[PDB]
């Protein structure tokens, strides 16, 4: 509630706009489950909230719930199935990004879920994999911001120790190789990790597909003022 030298898990606020569709709600529920116990799910059908018009109400709810991150679901004709990620620094919005949920592989949809999988404990730290060349491009501010935000979102509570039994699942965020004239696409996939003996001292890794299969198109970006950003990046 008061500033700490070493902050714990960055608390996450999940809430939605007017007439938010079922897949988005599933996404909000799963994200809520993955960020347990440091997340807050607001079931209000919030209206008049438009982050890129004004982040004020956003900041209000976030600060009132002491959350450093906000995941806001909304949908309209111009921007359907929109997931807005916003970070809060010093009671105000730091940076913000839109991710627009793309349709399914074709004709299965996104199944209704409230958690990632029964084979994965709630609140376990994920292994993270960012694949694609875009994450390595220091001049793509979009992918830099998205990587920073996603790691910030799913890192849970970091520690210098982890049980080998805790290495159960992984999140891959793959950036499609970009083309001129097209908004960047990213893919989020979760996998249960299964290790088989391989003869070597290191086990062979196999994966089992789990949770929702998410495809996003990047929308609007609101960068942070370099003043505010460099103030926020200072580590004690």
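Positions refer to the first chain, counted from 1.
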item	value
Mean Cα B-factor comparison, 134-142 or 81-89, giving the higher one as deposited	134-142
Of 179-187 and 165-173, the one with larger mean CA B-factor	179-187
From 20, 15, 9, 221, residue of greatest CA B-factor	20
Third of chain Cα B-factors occupied by residue 50	middle
Cα B factor band for residue 24 (lowest, middle or highest third within the chain)	middle
Among modelled residues of the same chain, the CA temperature factor third for residue 108	highest
Chain-relative CA temperature factor third for residue 159	middle
Chain thirds of CA B-factor: placement of residue 58	middle
